[PDB]
Each structure stands twice: as C-alpha cells, then as structure tokens.
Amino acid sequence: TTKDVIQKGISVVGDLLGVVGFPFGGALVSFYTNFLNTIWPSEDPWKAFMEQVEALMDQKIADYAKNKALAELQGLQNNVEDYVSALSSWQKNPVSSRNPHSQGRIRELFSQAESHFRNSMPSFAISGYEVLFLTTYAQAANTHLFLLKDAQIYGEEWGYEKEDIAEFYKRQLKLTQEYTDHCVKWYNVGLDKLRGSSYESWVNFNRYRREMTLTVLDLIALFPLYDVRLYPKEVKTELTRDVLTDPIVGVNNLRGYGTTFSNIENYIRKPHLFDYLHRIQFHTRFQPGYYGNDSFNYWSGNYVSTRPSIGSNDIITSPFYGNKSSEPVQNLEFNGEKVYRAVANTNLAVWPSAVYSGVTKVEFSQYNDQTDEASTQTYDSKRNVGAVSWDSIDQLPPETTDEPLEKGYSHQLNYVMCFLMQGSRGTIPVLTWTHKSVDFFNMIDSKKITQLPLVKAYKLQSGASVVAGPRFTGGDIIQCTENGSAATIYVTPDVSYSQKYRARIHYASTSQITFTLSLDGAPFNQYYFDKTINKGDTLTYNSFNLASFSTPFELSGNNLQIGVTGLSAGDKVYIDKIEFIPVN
C-alpha cells in the first residue's frame, strides 16, 4: 500500500537531481511540466500524503485542520499553474516580444505565488498535527523554495528592481534554514514516538524511517542547491544514506516469536564509509513438517562481502548471521553487477501447536553497466518453495515508469543480514539499500560543480570516524577529534587536459582550524577556516559553513587527502562534503 505517494516522492527527488544548481532554461521548463503533473495536478496527491503519515502514526488529523490545508493547496495549485504557463511562454518567446507590459504580467504572477506560499505554510504545521502534516509541509516547502530561486535567474529580465531581487534572496536564505530545521525536528519526534520493545514495534518504526527518508529527508537535502548564486552552474551530486526494506516473513502474525526491537535495531549496520555488495553466502536448513509431506528447506543464515569505495580493493567480509547450514551452501557473486530488484518466496508448515515459516527462494535482478545487459541470479532452498510473498519494487519503486526497470530503478542492494526468531522458530532476513545516484568512480565533472561526500573515502586516519548525519545532508558525516590526517578519497578526473579547479568545504568546527589538501601525498592547498559551533552544541542547519580555498589547482593525481590542525583537547570538526569548481 501507499506505493503511489512513495513513487511520487522518489520521482520528484530523481527529477530534481537533474535541475539542481543553475539549470538551463529548457531543462527548467521540462521539469516544471512533470512537476505539475506529479505533485500539483489535483487535491488527490495532497490527500494521499496526509493519509500516509496517518497510517504510519495510527492517528488522524482533525477534519477542520485537514479541510483548511486542502483549501490552501487548491489555491496554491492555481498560482503555480498560472506561473508555469507564463514562464513557459517567456522562455519560448524570443528576446523581442519582451515588452514592459508582458514583464509586469509575469512579475505579478510570480509575486502572487510566492506570497501565497508564505501565507499558507502555517496551515501545514498546526499545533498537535506537526508530524502528521510532515510530507505535505515538505512538498509545499520544496515548491516554495524552488519557485523562489527563479527570481535570481529571471529577475532582471522580468524588470524587477535590484531591491526586489535582493529581498527575495534574503527571504530564500531564511526559509531554507527554517524549513530544513522544521522537518528534522518533527521527523525525530515521530521516530521516537514509534520506538518499542516488540518485533512489530520495530517494523513500524523502520517503515516510518524509510518512508520519511524517501518523501522528506531526501528532499530537504537538495534545498541548498537551489541557491543559483552559490551554485551558478549545474551540480553533480548524490544521496549516500541507507534505507532498510521491511523484513521478509511468511506469516502476518508471529505470535510473539519475532526478534525483539533491541536485537534488530542494535545490530543493523552502524555509520560506515560507503561500500558495495560483492558476495552473499546462503545457508539453508531443513524444516520437517508434522506429516513429512509438508516439509521445506529455508534460508537460515548468511555471510555478506562488500567492496570499499574506489581506491581500495580489499574485500570486507561480515560476521556470520543466523544459523549454520544443514544443507549445501550457495554462493552468489556480484562483481560489477547492480542488484535493482529482489523477489522472494516464503513457505509454512502448520504443526499441532506451532507454525514454522521461512524464506525459500530469492530472485535477484542485476544490471551490468559495463556490458549494458540485465540478468538474474537466484537462491533456491531446493525443497517445497511455495509462492512469492515479497517484492522490493513495492517498497522501492523506480524513478520512472517510462523506461525499463534496469534503466529507471531508484535503489540497489548493499547488504543482507539474517536475524533469528525467538525460541528457535526460524530466520528473518533484512535487506539494506543505497540510492542509484551514487557514482562509483568519484568522478570530477569538468563542466559542473561536483559535490564529493566524505563517506566516499576509502581510508580514515588519525582517529577520524563515520558518525550519524544530522538528517539534512543526504547521508552520514566524518568526525575529526585529533590534529593530523583525516581521510583519503580517490578521485577520477573526467578530462585529460590541465583543467583548473577551486575547492569548497562544507564543515562544522568548535574552533578556528586549518585544512590542508594533498594529492598523492604532496600538499597543494592550505587555508584558514572559521569556528561554527560551541562544544556541546547539537548540529542544526546553521552549524555548517561552506568555505572556499583561495588558490586554484589541477588534478595532477588521484589520491586526495584532507588534513586538519588547530584542534585543542575537546575540539571536534565535522566534514560533510568537498566541492570542485571548474575554473579558467
């Protein structure tokens, strides 16, 4: 259920990833038409977003509050539509038909929509309904900010005053911080409200966390890239966060035998440097049926192997998960393949006073981007397979229903972990996924501004570590606690010639520091950076600063190393991303 809003959520993020930074006019208009068809066609999508959180929370919005919200939204739709039609005409029409009279038409259509947005937002955040209105607020906030940046692109063309364009910019800065902070605060409120002790508690908790990531958190991560003044070129970026699909179970009610909340949550993957699915070792066991004829084999445990980010080749192998094999082990290798789908079969044996169920078959759909070919690899228990009961596509829809799945998919498999049920009743498999936007090669685009997340490093040092992200950066961050090296990240230049770049760093620091950059062990850039927070402080939007390094440089190597100095005992530095600006 709700796959509709999940697909809309996934698609918008996917589309926006193409018009992030300063977009080209044709691309901007194209986006807008899909945008209107997806998010702003009627009240139906808005109604579905409200029902979505009501489902997750098991609470309802007071009819009066639901109706007002919907009323504001109908009005905002007209404003957006009227604006887009006019913008479309403006782009299409030559720099001749632009008379003072048509400029004033577009200027007031814009002013109306923008103003209507500021006036309506509080309706999506009424006291006591903040969490329930989260996806609605997130989608409305996004529209408002995306709309705002147009004033910086077309402001002068439309004949706006210098003062007007400036007022709009300051307004954009204030709202980017507020809307971001609002979403994270209530996201966390909702998350904590769902923490429990039971297996059933964890499934709800994790479903909320996954659905809020796809519809809210991924979205807010793009907001800063709507600043066309800081980002005067197109931006190449990616989302590095993990999402966990619902556990694969044969029965709807485990009658208390489900793994406890703590035995799942405390054991899922902790903040880690980015990696890729490399190998899986399937362990199978025999489940006897009370009458023999109803027996079946099932997936009892597993091993998982991942390969690190580009620059390192040593394979990481996981501890054993679940129960040892009673049957012959099965190994599937993924070197180069991207698993874009997983479909499972489950089976059950009904005993006089017990029910035993397990995952009997798993079919993986893979795509080879090198040899541009799709294929499948499957796990089979070999005894009494039963029918398909779990499809990843229902939880992780494709970005586009236009193209074939091997082209339009939104996520790929990263991890597999087997949990044991209580009182040796079976095995519960749990799958972790990563976004399609992640670039394996860490490629520096010669025409765009390239954002490189530090979690894409292959090596940490001097006691640097991966820490949970503040929820608004699209992934995790690096914490530095000592003076010295911190991280080594491998970089792939896209051009052969001596292209020059400027580097920018998105960080948070308790003190004034020095960042040093090295290529293949040779320093090339060193600069002084300001303190952004006090020791103790929690990380909110304003905690981070984006600062440039003075001197331009060429990519005369691949191994980029970031080093920090100027720390005192108790000081901490958080690094989010390094950016590259193609310069002449």
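Numbering starts at 1 and follows the sequence shown.
Practice prompt. Select between 368-376 and 457-465 the stretch whose C-alpha atoms have the higher average B-factor in the entry.
Written response: Result of the comparison: 368-376.
Worksheet item: Do the CA atoms of 338-346 or those of 95-103 have the higher mean B-factor in the entry?
Response: Here the higher of the two C-alpha B-factor means belongs to 95-103.
Discussion item. Quiz for you: based on the deposited Cα B-factor, which of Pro224, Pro247, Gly475, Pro352 is highest?
Written reply: If I rank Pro224, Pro247, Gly475, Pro352 by C-alpha B-factor, first place goes to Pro352.
Discussion item. Looking at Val243, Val329, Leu230, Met212, which one carries the largest C-alpha B-factor according to the PDB entry?
Written reply: Highest C-alpha B-factor among the listed options: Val329.
Worksheet item: Among the modelled residues of its chain, does the C-alpha B-factor of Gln59 lie in the lowest, middle or highest third?
Response: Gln59: CA B-factor falls in the highest third of its chain.
Practice prompt. Place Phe124 in the lowest, middle or highest third of its chain's C-alpha B-factors, as listed in the PDB entry.
Written response: Its C-alpha B-factor belongs to the lowest third of this chain's values.
Worksheet item: Split the chain's modelled residues into thirds by Cα B-factor; is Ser410 in the lowest, middle or highest one?
Response: Ranked within chain, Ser410 CA B lands in the middle tercile.
Worksheet item: Among the modelled residues of its chain, does the C-alpha B-factor of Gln526 lie in the lowest, middle or highest third?
Response: It falls in the middle third of the chain.
Discussion item. Please say which third, lowest, middle or highest, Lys162 falls into when its CA temperature factor is compared across its chain.
Written reply: It belongs to the middle third of the chain when residues are ordered by C-alpha B-factor.
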